[PDB]
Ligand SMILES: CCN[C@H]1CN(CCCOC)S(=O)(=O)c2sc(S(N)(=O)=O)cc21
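Next comes just one chain, in structure tokens: the form deposited without the ligand.
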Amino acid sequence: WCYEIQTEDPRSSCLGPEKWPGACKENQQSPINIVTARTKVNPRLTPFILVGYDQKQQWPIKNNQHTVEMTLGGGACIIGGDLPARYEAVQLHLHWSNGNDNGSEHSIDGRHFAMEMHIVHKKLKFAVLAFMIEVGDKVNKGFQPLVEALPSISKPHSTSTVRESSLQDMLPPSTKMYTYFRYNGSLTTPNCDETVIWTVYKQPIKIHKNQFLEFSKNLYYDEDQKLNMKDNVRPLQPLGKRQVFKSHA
């Protein structure tokens, strides 16, 4: 399987998003488009309890042929937030594109952002905290460790390490983590298992244009390093019957 952009090469054809196996063709899929005015409020959607996000560590990263995957291994976890149980933070990655728009998978009122960061949590089924990233005129110190380590994982399957930093510094301030949307869905990559509880935050994280451009300039999809990594996003999926909730009243 590969993203649309990967099937543009005359030779070496492979399965585009429209031809993905597994549960990819099912009913409840992700991403989705959030229509703010149609969301129902649910009081129970109170801010999450972040355990271990304040711990600085050396995070092992790698180019997994689809994105930059940063392994967390349970050094942190989330409790509460109307979740069924406690979830251990397993990994983190991002989806991005060419410009300031049409780079995020989900969209809030038809608007796409520059990138989208996904924090996957394994039920101690999947709790994925999705954040939108916007490009700004200010350097975001919290994203510096990741940016600096990209030049090392240029080649697919490369492995490296990010200097001492915490998950907290990458996320927006806690006073901005009040408003979010919640809905049942699935992974946005094969086999697209429909066992995910999504939490997409309203407030985006802001990084500088140069930190942004650094991703596609350094990462590659293939061994020969001919295709720079970008447009690694899956197109919007139909809402179907499910409802999308908002933490706010």
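Numbering starts at 1 and runs along the sequence shown.
Taking residue 79 and residue 80 as adjacent modelled residues, how many residues of the deposited sequence between them have no coordinates (none, 1 to 3, 4 to 9, 10 or more)?
Gap size class: none, per the record.
Can you tell me whether 211-219 has a higher mean C-alpha B factor than 29-37 in this record, or the other way round?
Averaged over C-alpha atoms, the B-factors run higher in 211-219.
Given 105-113 and 79-87, the range whose Cα B-factors average higher in the PDB entry:
Here the higher of the two C-alpha B-factor means belongs to 79-87.
Take the CA temperature factors straight from the PDB entry and tell me which of 239, 233, 236, 227 peaks.
Answer, based on the entry's C-alpha B-factors: 227.
Taking the entry's C-alpha B-factors for this chain, is residue 148 in the lowest, middle or highest third?
For residue 148, whose C-alpha B-factor we compare with every modelled residue in the chain, the answer is the lowest third.
Residue 201 by Cα B-factor - lowest, middle or highest third of the modelled chain
For residue 201, whose C-alpha B-factor we compare with every modelled residue in the chain, the answer is the lowest third.
Report the third (lowest, middle or highest) to which the CA temperature factor of residue 168 belongs, ranking only the modelled residues of the same chain.
According to the entry, residue 168 has a C-alpha B-factor in the chain's lowest third.
Ranking the modelled residues of this chain by C-alpha B-factor as given in the entry, is residue 7 in the lowest, middle or highest third?
Within its chain, residue 7 is a middle-third residue by C-alpha B-factor, going by the deposited values.
Sorting by Cα B-factor within the chain, modelled residues only, which third would residue 187 end up in: lowest, middle or highest?
Middle third by C-alpha B-factor.
Keep in mind the form deposited with the ligand bound is missing from the figure; the text below concerns it.
Contact residue in the entry with it bound, from 211, 199, 63, 186 (heavy atom within 4.5 Å of the ligand)
Filtering the options by heavy-atom distance leaves 186.
Please identify the residue among 135, 153, 120, 162 with any heavy atom within 4.5 Å of the ligand in the entry with it bound.
So the residue touching the ligand in the entry with it bound, by this definition, is 120.
Can you tell me which of 164-172, 125-133, 139-147, 79-87 lies within 4.5 Å of the ligand in the entry with it bound, counting heavy atoms only?
Result for this chain: 125-133.
Is residue 107 one of the residues lying within 4.5 Å of the ligand in the entry with it bound, judged by heavy atom distances?
Close contact is absent here: in the entry with it bound, residue 107 is far from the ligand, nothing within 4.5 Å, heavy atoms only.
Is it the case that residue 71, even though its partner is missing from this view, gets within 4.5 Å of the ligand in the entry with it bound, heavy atoms only?
Close contact is absent here: in the entry with it bound, residue 71 is far from the ligand, nothing within 4.5 Å, heavy atoms only.
If you check in the entry with it bound, is residue 91 within 4.5 Å of the ligand, heavy atoms only?
Answer yes; at least one heavy atom of residue 91 falls within 4.5 Å of the ligand in the entry with it bound.
I'd like to check something about residue 95: if you look in the entry with it bound, is any of its heavy atoms closer than or equal to 4.5 Å to a heavy atom of the ligand?
Output for residue 95 is yes: heavy atoms within 4.5 Å of the ligand.
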